[PDB]
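Trainee:
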Amino acid sequence: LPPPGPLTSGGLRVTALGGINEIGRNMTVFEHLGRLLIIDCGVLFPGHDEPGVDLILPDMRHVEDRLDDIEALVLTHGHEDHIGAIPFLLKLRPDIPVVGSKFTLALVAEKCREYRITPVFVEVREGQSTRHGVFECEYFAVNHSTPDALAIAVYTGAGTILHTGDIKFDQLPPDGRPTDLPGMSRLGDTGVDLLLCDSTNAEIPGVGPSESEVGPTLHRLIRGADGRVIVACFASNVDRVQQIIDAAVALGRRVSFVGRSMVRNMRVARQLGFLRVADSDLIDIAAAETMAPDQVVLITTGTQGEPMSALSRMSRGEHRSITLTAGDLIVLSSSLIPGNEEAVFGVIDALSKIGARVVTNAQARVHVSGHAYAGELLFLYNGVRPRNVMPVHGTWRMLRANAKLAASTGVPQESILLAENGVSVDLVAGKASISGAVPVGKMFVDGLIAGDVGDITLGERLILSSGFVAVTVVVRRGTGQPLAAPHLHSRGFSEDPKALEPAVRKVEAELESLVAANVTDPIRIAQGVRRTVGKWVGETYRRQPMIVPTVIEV
Amino acid sequence: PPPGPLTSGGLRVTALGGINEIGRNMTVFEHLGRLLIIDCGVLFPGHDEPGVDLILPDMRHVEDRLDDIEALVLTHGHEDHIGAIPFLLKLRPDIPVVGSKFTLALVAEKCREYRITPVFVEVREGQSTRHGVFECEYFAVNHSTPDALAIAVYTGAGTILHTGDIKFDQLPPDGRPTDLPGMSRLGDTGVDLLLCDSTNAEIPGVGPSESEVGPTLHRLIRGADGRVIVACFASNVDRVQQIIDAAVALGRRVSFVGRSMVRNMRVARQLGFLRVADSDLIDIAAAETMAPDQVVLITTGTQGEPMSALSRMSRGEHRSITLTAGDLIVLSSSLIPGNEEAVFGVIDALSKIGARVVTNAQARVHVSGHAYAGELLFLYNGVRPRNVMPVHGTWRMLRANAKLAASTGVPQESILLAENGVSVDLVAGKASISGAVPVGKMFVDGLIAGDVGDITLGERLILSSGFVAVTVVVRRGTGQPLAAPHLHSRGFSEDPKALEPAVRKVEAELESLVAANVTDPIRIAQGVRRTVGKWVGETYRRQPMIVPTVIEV
RNA sequence: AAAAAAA
RNA sequence: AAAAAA
Ligand SMILES: [Zn+2]
Ligand SMILES: [Zn+2]
Ligand SMILES: [Zn+2]
Ligand SMILES: [Zn+2]
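These protein sequences, in sequence, are chains B and A. Under the entry's author numbering, think of the first position of the first sequence as 5, with each following residue one higher. Under the entry's author numbering, think of the first position of the second sequence as 6, with each following residue one higher.
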């Protein structure tokens, strides 16, 4: 629980600033002799408890004042959950060298155009090693949801470190590039002192299915459908876009992208040769309303029914470009991320009134996870035989699972280190051990101005769900004398006009026990009025809107 | 298109809630002027209904013809079927509410909460009652909570069967299956309309038996080395029974924890629906007293509702209990869509503690309480209704349940997808949709009704990003300002000098309207808002509410 | 697919 | 197990 000692010269301190008690805002910090290497730098996403904010970030208040001690930032892949906070760490220090694959940095480039940022790009590949001051980094292909992921090895005077990333052990991925358990196992034979292991699906047993399976079940599904077909998947997942495109043209339709993420992500994936699609099969969103329904497949956006994603708008007709018939077939080619049920289950239900057949994961095999199930994780622990393990990229139920997996491999119980954000692992003399914790908290991004939206701002943003009633009196500067009748507004409270009318009376009465008591102070007459209006809505409604007084002096 | 006069002698069914969604179930049958209402419950608030506490059916169609209501009849005691009973009997204390022994003992406590006593009629299976122009026979249905019944309403227009909340488990622990024979004899006499459960009509096959949960628990407690904690809905006496059976079979004893549980289990016992030797019950004082391997705690909070009992011990803010990592907690429940975040939250908190958490995804510790599509097929074959109308479900669930009934022989014309407030007219044998009427969500915020609505809610949604108030004092009639603007914010920023740039921006626009010699307070407050509203957009790109106020003096 | 009920 | 974007 107390902050760690100074790091024994010659050891590694590894500490996570996000992603070890959640799923998102991944950022882990390695220090060796005062120098710092960072792996990943992604975002979270705000829930119910974080009501006004755009994005949550890792708590970079320790790198905060150490910016010249970081040698480079290394990137497993290009998820938002691993590169979202980049344009915010680099604003602080625009010349961090950011290392990552050919596709990862391409997405890091476009997200850094939104901020007037050109970064220090060092593009790597698998089997490559680059050098970074004290640190030496070796890269390994990881097949996964999005192209070109890499696992990362970190060589240092404390020993060898393996970091896996969003990793999945599919022996038949459609791109031809399986995760590289061969290589990682060779590195195991040398010695791996600590293994930073993704634990997303350590709970799920067995071995998950191959992305290769999803392709047949669309080829069949597009076959059997008489009318137009539209398919919504994620946008990082271009293996599956290619699968849909294959199945599409194969049967004679023509593909058509719909949505800003989709249109732009496929653009880059073709420019880099990750997609491959003749222009004869690509048409624009216009022609979908042109050509007979049976001759077009729409690849759209918003598998979480986020309220203005392409497919969410289409389920309301409010997507002026195209409106959905009942001969349409929507196939939710994705997973239902926890916390987005009301959105997506509402959207399917909205689609059901319209009368269009919808196929989701529960009915078919249209989606396959992006992470190793607990039995593909059993391969890694056996091929790498790590000397200590530190579960990562998941919540506590997922890290606890993964610990048991690793222990069940023979990794001793001491060498398992459940290291929640801000708690640090120290690797000196080849032993790994928990050093100490530091407070790690959430940094919000509400629009354009930083630092100013806090636990207070949010607390009252949750208050305001019951609305507010406002009182407003004016006064002659020194007197208590009101100069005008009080003025009660309210928003988010009731929609009866007369709702506040018993309250304008009770204030008027209060407002003159004030006058008949020579309360000259604006603040005190603001308080007493505020209390009369609280205690009224209290007794009368037992609702608790925020009661906001305002006392102007003239 | 509204519905015309029910040509005399016919029967008109209209759902006033329960058919667009899952919840607030209330179905209204009209026959010759008089009305029968089947069920009356609540939909729990969601993420598009911010401050409300309970969504009720739109009884705005029936608040006038209250004295035409012959009786309110109850399939079982789910809050999705008896929640809004006091919000109905406050309008008419003397409505006769008809239900089974258990089903009525819950309307008891629910309405006690509200200073109400209702006029009861306690019925059982295979037994008729008459209610004015309606006669009602009751058939036992097997379901998650005890003593549910399906309902048949014979009237001069034909004969209707209402399933309620049906499931066809063939080995219920209580030992009293759903009365599918009965329903098939009633089928041989010919039913003209079936109101069929639609909840799980999308899942193929025949769901599992409550009889399977028993063993899984008996294993889990036998294998556990410390204390055990099981969470299930307080309605499910049968589940709480095989939890209890298991514990005492293993020299353990039991302690309940939670308003719902402790209440509903004492009642279950008083009415002999749960049988437990006083010898085998202890209290939470004696719970933490004894050895862990002696106890089994039966708790609330399977949905991780924030103030629940488990969700308290997950956070260590519980008096008389604290969860060690030697504990085994069992979420003997499902995960209603919409409470993932909440349940996982509690599962994670429990994980950081170190105690094993067996959910329904790693063992057979829960079974659904609504028939799967293969079970429903035993019903369309057993009843053979001439017309089918699906109920108790969402829209993807209705299209499913409608498809089942076509595949089973009912003509497409005879399968009637009648939404909330949409009417269906059985007029001498034939069934058809006779139009619709607007129907909505009666919200219950605090102590009033009809008070909150669409635009109130839409405001509470905007206020997730705060408001900014700009306040102008003016000399009456002139439009001439008398102080400088007074900006405030509240859920916008903690930068105390955040609005300062904007006072100088609204002064210039007050100074721009005085030259306009525009003196209207409405219009000046329009201008003092669009200014400060597009300074927040420009400078901050945040989108709070803008509340102008212009007090003239 | 029904809630829950103030450390 | 990641977003959506006129
Ligand atoms: Zn990730
Ligand atoms: Zn990933
Ligand atoms: Zn129900
Ligand atoms: Zn039920």
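Heads up, the beta-carbon is just placed ideally off N, CA and C, and yes, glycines get one too.
What did DSSP end up calling A:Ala-251 once you bin it into helix, strand or coil?
Mentor: Correct three-state label for A:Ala-251: helix.
Trainee: When burial is assigned at 16 or more other CB atoms within 10 Å of the CB, is A:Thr-194 buried or exposed?
Mentor: exposed
Trainee: Closest to A:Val-475 by CA distance: which of A:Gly-9, A:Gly-463 and A:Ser-494 is it?
Mentor: The residue with the shortest Cα to Cα distance from A:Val-475 is A:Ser-494.
Trainee: Can you tell me which of the three DSSP states B:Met-270 falls into?
Mentor: helix
Trainee: Taking the beta carbon of A:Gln-247 as the centre, do at least 16 other beta carbons fall within 10 Å, making it buried, or is it exposed?
Mentor: buried
Trainee: Can you give me the start and stop residues for the beta strand (DSSP E) that B:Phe-139 sits inside?
Mentor: From DSSP, the beta strand (DSSP E) with B:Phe-139 extends over 139-146.
Trainee: With a CB to CB cut of under 8 angstroms and the five nearest residues on each side skipped, what residues in its chain are close to A:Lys-106?
Mentor: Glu-127, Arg-129, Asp-152 and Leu-276
Trainee: Enumerated in chain order, which unbroken segments of the alpha helix (DSSP H) with a length of 4 residues or greater are wholly contained in the segment 20-50 of chain A?
Mentor: none
Trainee: If we cut at 8 angstroms on Cβ distances, does B:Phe-49 have a partner in chain A?
Mentor: Not an interface residue.
Trainee: Tell me the DSSP secondary structure of A:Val-235 in three-state form.
Mentor: Strand, per DSSP.
Trainee: Got a list of residues with beta-carbon closer than 6 angstroms to any non-hydrogen atom of ligand 2, in chain order?
Mentor: Those residues are B:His-81, B:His-83, B:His-148, B:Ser-149, B:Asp-170 and B:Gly-374, given in chain order.
Trainee: Distance check for A:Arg-509 and B:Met-402, CA to CA, integer angstroms please.
Mentor: 53 angstroms
Trainee: Counting only beta-carbon atoms, is A:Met-318 nearer than 8 angstroms to chain B?
Mentor: Among the CB atoms of chain B, none fall inside 8 angstroms of the CB of A:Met-318.
Trainee: If we count the other Cβ atoms within 10 Å of its Cβ and call it buried at 16 or more, is B:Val-351 buried or exposed?
Mentor: buried
Trainee: Mind reading off the beta-carbon distance from A:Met-31 to A:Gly-46? Whole number of angstroms is fine, and I expect it under 8 angstroms.
Mentor: 7 angstroms
Trainee: If contacts are defined as beta-carbon pairs under 8 angstroms, then B:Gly-163 and B:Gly-434 qualify, I think. What distance do you get, rounded to the angstrom?
Mentor: Rounded, the Cβ-Cβ distance is 6 angstroms, consistent with contact.
Trainee: With a threshold of 7 angstroms, establish whether the CB of B:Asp-85 neighbours any heavy atom of ligand 1.
Mentor: yes
Trainee: State yes or no: is the beta carbon of A:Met-394 nearer than 8 angstroms to at least one beta carbon in chain B?
Mentor: no
Trainee: Please list, in chain order, all residues of the same chain as B:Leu-200 whose beta carbon is under 6 angstroms from its beta carbon, the five residues on each side excluded.
Mentor: For B:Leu-200, where only same-chain residues beyond five positions count, the Cβ hits under 6 angstroms are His-167, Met-394 and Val-396.
Trainee: According to DSSP, is B:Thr-164 helix, strand or coil?
Mentor: strand
Trainee: Can you find the residues in the same chain that come closer than 6 angstroms, C-beta to C-beta, to A:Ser-439, ignoring five residues on each side of it along the sequence?
Mentor: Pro-8, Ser-428 and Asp-430
Trainee: Kindly give me the distance between the Cβ atoms of A:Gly-231 and A:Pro-297, rounded to whole angstroms, as I take these residues to be in contact under 8 angstroms.
Mentor: 4 angstroms
Trainee: Is the beta carbon of B:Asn-241 within less than 7 angstroms of some heavy atom of ligand 1?
Mentor: no
Trainee: Report the partner residues of B:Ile-303 according to the DSSP bridge assignment.
Mentor: B:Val-235 and B:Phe-261
Trainee: Please confirm whether any heavy atom of ligand 1 lies closer than 7 angstroms to the CB of B:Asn-205.
Mentor: Checking every heavy atom of ligand 1 against the Cβ of B:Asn-205, none is found closer than 7 angstroms.
Trainee: Is it buried or exposed, A:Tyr-119, if we count other Cβ atoms within 10 angstroms and call 16 or more buried?
Mentor: It is exposed - the Cβ of A:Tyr-119 has fewer than 16 other Cβ atoms within 10 Å.
Trainee: I'd like to know if B:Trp-540 contacts chain A, where contact means its C-beta is closer than 8 angstroms to some C-beta of that chain.
Mentor: no
Trainee: Mind checking B:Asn-425: buried by the 16 CB within 10 Å criterion, or exposed?
Mentor: Label assigned to B:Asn-425: buried.
Trainee: Can you pull out the residues from the segment 494-506 of chain A whose beta carbon lies closer than 8 angstroms to at least one beta carbon of chain B?
Mentor: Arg-495, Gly-496, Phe-497, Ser-498, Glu-499, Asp-500 and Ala-503
Trainee: At what residues does the alpha helix (DSSP H) containing B:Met-318 begin and finish?
Mentor: It spans 314-318 - the alpha helix (DSSP H) in which B:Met-318 sits, taken as one unbroken run.
Trainee: Mind checking the segment 341-359 of chain B against chain A and listing, in chain order, the residues whose C-beta falls within less than 7 angstroms of any C-beta there?
Mentor: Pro-342, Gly-343, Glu-345, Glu-346, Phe-349, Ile-352, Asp-353, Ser-356 and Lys-357
Trainee: List, in order along the chain, the chain A residues whose C-beta lies closer than 8 angstroms to that of B:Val-457?
Mentor: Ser-498 and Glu-499
Trainee: Use the C-beta contact count for A:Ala-347: other C-beta atoms within 10 angstroms, 16 or more gives buried, fewer gives exposed.
Mentor: buried
Trainee: From the beta carbon of A:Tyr-545, is the nearest beta carbon of chain B less than 8 angstroms away?
Mentor: yes
Trainee: At a Cβ threshold of 8 angstroms, is B:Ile-556 touching chain A?
Mentor: By the rule that beta-carbons nearer than 8 angstroms mark a contact, B:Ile-556 touches chain A.
Trainee: Is it the case that the Cβ atoms of A:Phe-34 and A:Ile-24 are separated by a distance below 8 angstroms?
Mentor: no
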